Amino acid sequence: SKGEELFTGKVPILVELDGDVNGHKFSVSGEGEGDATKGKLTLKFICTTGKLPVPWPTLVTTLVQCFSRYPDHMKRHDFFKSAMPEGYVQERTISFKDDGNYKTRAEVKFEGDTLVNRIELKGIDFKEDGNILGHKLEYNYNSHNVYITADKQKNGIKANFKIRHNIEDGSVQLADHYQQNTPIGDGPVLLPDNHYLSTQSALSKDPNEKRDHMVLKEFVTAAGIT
């Protein structure tokens, strides 16, 4: 568990997302810090191409689970830190009920002293006046428990979870995530028993930021094995 030693205090984070949703190209940059000893993340994201052409909350899961707090007794189950500093690939499909889907490929790794999440996101088949292209999601985020399982075929982990996005008319739209992560390096990694990450998020704005942006605060704790 050498990689875990890189997480004993606050670590700078950079996030870069190159997006293309129904051919609408956009870019997001984020910066902040993670403190795995608390399970705490604080980041600010800006859209650098103008207005974000999808709702900010739909990007939260795409925009560093190595910052989860694993209780001492669960530390042998922390795949995410074990893969560091070389990092891991994280790939998802995210299917929005009765609407389109995102497919994402990211690398999460140390680049010098900074933990960097670099993502390409492709979305297709979104509906014109749907909740995504029509920005009908409330600017908020629910708590979710994300179950992690070891990959049965190839040195990584997988997860499947459904995010509940609140819609402006009081409905909820589910985003069904399939996730796979594999190590980038060739060194030993920890393959976990089944457990979950208890993930709380809060979204806000910076009154001084003129660009379209999202301030995110998260607290994430591993659980499910005692």
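Numbering starts at 1 and runs along the sequence shown.
Using none, 1 to 3, 4 to 9 or 10 or more, say how many deposited residues go missing between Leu63 and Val64. Per the deposited record, the segment joining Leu63 and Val64 lacks coordinates for 1 to 3 residues.
Averaging CA B factors per stretch from the PDB record, which one is higher: 191 to 199 or 51 to 59? So the stretch with the higher mean C-alpha B-factor is 191 to 199.
69 to 77 or 88 to 96, whichever carries the higher mean Cα B-factor: Result: 69 to 77.
In terms of recorded Cα temperature factor, pick the maximum from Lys205, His24, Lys217, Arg211. Highest C-alpha B-factor among the listed residues goes to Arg211.
At the C-alpha atoms, which of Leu137, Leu133, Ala150, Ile119 reaches the highest B-factor in this entry? In the PDB entry, the greatest C-alpha B-factor among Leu137, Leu133, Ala150, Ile119 is found at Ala150.
Which third of the chain holds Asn142 when residues are ordered by C-alpha B factor: lowest, middle or highest? Middle third, going by the recorded CA B-factors of the chain.
Would you check the entry's CA temperature factor for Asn101 and let me know if it's in the chain's lowest, middle or highest third? Bottom third by C-alpha B-factor.
Report the third (lowest, middle or highest) to which the CA temperature factor of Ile157 belongs, ranking only the modelled residues of the same chain. For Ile157, whose C-alpha B-factor we compare with every modelled residue in the chain, the answer is the highest third.
Please place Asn166 in the lowest, middle or highest third of its chain according to the CA B-factor in the PDB entry. It belongs to the middle third of the chain when residues are ordered by C-alpha B-factor.
Entry-reported Cα temperature factor of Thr182, expressed as the chain third it lands in: Within its chain, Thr182 is a middle-third residue by C-alpha B-factor, going by the deposited values.
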